[PDB]
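The lines below spell out each chain.
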Amino acid sequence: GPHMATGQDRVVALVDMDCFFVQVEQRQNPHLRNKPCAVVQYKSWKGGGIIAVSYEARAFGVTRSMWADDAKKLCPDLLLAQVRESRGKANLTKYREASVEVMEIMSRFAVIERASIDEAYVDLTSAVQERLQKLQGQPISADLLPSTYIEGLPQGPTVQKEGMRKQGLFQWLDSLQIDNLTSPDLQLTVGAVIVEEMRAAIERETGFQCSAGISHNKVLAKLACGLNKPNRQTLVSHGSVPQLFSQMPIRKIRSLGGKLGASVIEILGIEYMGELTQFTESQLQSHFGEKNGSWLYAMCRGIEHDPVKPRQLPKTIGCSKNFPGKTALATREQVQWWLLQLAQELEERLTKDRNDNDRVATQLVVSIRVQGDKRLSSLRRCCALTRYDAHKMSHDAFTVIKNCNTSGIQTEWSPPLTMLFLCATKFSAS
DNA sequence: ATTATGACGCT
DNA sequence: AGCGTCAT
Ligand SMILES: Nc1ncnc2c1ncn2[C@H]1C[C@H](O)[C@@H](COP(=O)(O)OP(=O)(O)OP(=O)(O)O)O1
Ligand SMILES: [Ca+2]
Ligand SMILES: [K+]
């Protein structure tokens, strides 16, 4: 009752760029705008691998991980943009720089947590309090929420998509109690107004469109964001959670899309997030551990306490390349040449990072995969990163991995290497 | 023969 | 530390 937490203390948003690498390429090349198109890396093997897909192309069934030759079977008129190649490898700099454009705009509105190259969480609790004080108790017009969906509405006693959106928004706003400054539903609504403003600023200042979720925590904001894509935002209220979760597959919730989520389903014999409410906290802890159990107990009730971390910059800067099938590295010279290519890209990015962000990496992590190994990484070793110098880093990387070579001939490398990875970590202020 | 990333948990 | 999981 009066002592039961409801997890309604914060307003959190998640902003997710729509088909991000495609938009970056469509901004640059207007011929690609409003077309079925995709972004591909490399071209020689089966036309290249697709890593991003426009919504026009998704209508034809084109997906990530598809080979472009195969995507062309579904969509013969599919347009393609290729990821830049430098030093023999895909180079993602254009997309990282475009990401910074968006993250810097978002940071004007609130503290952000960079979740990925094109996603950021926003803690809007303070901004909402501020806006509410401005508002001086005046109601919120639907005109302030032109791209907002209210999840679960309309409900109760037109056949167009936008019509339904407005119907739900009207029901929501009709019900709002705008004279209570501490009403969680009102706070979420003001949060959604701010996110409309944020999303308009992003589009105005970069050309890029995005979707967003607004709720009381990160998991719900993330879930909300995906409900109405692209170019829309969705408010998931605390009250919407029981119905929403009642048919929500467990794997849809962030962190439950893999083995843990499969185990929840198998061990408990349930399918939907809402079904978790029927277990005690101790029961859940008994199967999934103390941390996961407590997290699941609260999460299935719409409650999560994970903070929006004040972090706008990546914590690591890495460079990696696969060498699949026949291209696996089988000589010493090969391994050393590619470590150098990786180190040269890493040095370039590190030097830029040091100038931009007043920090220096102090640890170099070297990872490799050996042919035959099922795991993405076979071996990981660290050494000191004391100078931003590509020849030094590549020499150091070789040193920490060179005894992995089983070959009695040290000219040759065996078993052949199917992946190389250099990662700079442990930043200190500079 | 997806590939190139990146954060965080466990022991 | 080195490995594993989960995610864009
Ligand atoms: N598995 C991957 N491999 C390489 N790059 C990826 C992968 N997943 C995502 N990316 C890149 C390309 C994406 O444009 C970008 C953002 O990813 P993501 O948000 O999952 O999809 P998206 O932005 O392309 O479409 P959506 O509109 O569905 O969000 O990150
Ligand atoms: Ca996205
Ligand atoms: K994303």
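Residues numbered from 1 in each chain as written, not as in the entry; some residues may be left out. Chains lettered and ligands numbered in written order. Heavy atoms only, no water.

Per the deposited record, the coordinates in this entry were obtained by X-ray crystallography to a resolution of 1.5100 Å.

Taken verbatim from the UniProt record of chain A, the Catalytic activity comment is "DNA(n) + a 2'-deoxyribonucleoside 5'-triphosphate = DNA(n+1) + diphosphate". (UniProt positions renumbered as here; feature names shortened; annotations may be inferred.)

(A) How the structure looks around the nonpolar core. With 53 residues, the main nonpolar core has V39, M106, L124, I140, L173, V190 and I202 as its most contacted residues. The biggest single contributor to this core is helix α7 (residues 184–206), with ten residues. Residues lining this core come from more than one domain, with at least three contributed by each of domain 1 (1–18 + 89–249) and domain 2 (19–88). In this structure, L342, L346, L385 and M393 belong to the second largest nonpolar core, which totals 31 residues. (Core = buried A, V, L, I, M, F, W, Y, C linked by side-chain atoms within 4.5 Å. Buried < 20%, exposed > 50% of the residue type's maximum accessible area, 1.4 Å probe, protein only. Helix = DSSP H or I, 4+ residues; strand = E, 2+ residues; numbered from the N terminus. Domains from an automatic or database assignment.)

(B) Molecular detail of the site of ligand 1. Near ligand 1 you find 14 residues, and of these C19, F20, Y55, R58 and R64 are the closest. Residue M17 places a main-chain N or O atom 3.3 Å away from an oxygen atom belonging to ligand 1. The side chain of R64 places a nitrogen or oxygen atom 3.1 Å from an oxygen atom of ligand 1. When isolated, ligand 1 has an accessible area of 580 Å², and the protein chains bury 67% of it. (Near = heavy atom within 4 Å. Polar contact = N/O pair within 3.5 Å; in protein donor to acceptor, adjacent residues only side chain to side chain. Areas by Shrake-Rupley, 256 points an atom, 1.4 Å probe, with all protein chains shown as cover.)

(C) Inspection of the sheet that holds strand β8 (residues 119–123) at higher detail. Taking strand neighbours across the sheet as the criterion, the six strands line up as β7-β8-β1-β10-β11-β9 in an open arrangement whose pairing is mixed. With partners counted over all chains shown, the strands left at the sheet margins are β7 (112–116) and β9 (148–150), one partner each. The mean inter-strand angle of the sheet, taken between neighbouring strand axes irrespective of direction, is 20°. Across five bridges, strand β1 (residues 12–17) lies against β8 in antiparallel orientation. Paired with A13 across the two strands is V122, which belongs to β8. (Pairing = 2+ DSSP bridges. Axes fitted to C-alpha atoms, helices over the stretch in contact; angles between N-to-C directions.)

(D) Expanded view of the protein's contact with DNA strand B. What surrounds DNA strand B is a group of 25 residues, the closest being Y42, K89, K315, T316 and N322. One nitrogen or oxygen atom from the side chain of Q41 is found 2.8 Å from a base oxygen belonging to DNA strand B. A distance of 2.7 Å separates a phosphate oxygen of DNA strand B from a polar atom in the side chain of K89. No other element matches the six residues that strand β12 (residues 317–322) contributes to the surface near DNA strand B. Here the surface near DNA strand B is built from residues that sort into eight nonpolar, eight polar and nine charged. (Nonpolar A, V, L, I, M, F, W, Y, C, P; charged D, E, K, R; others polar.)

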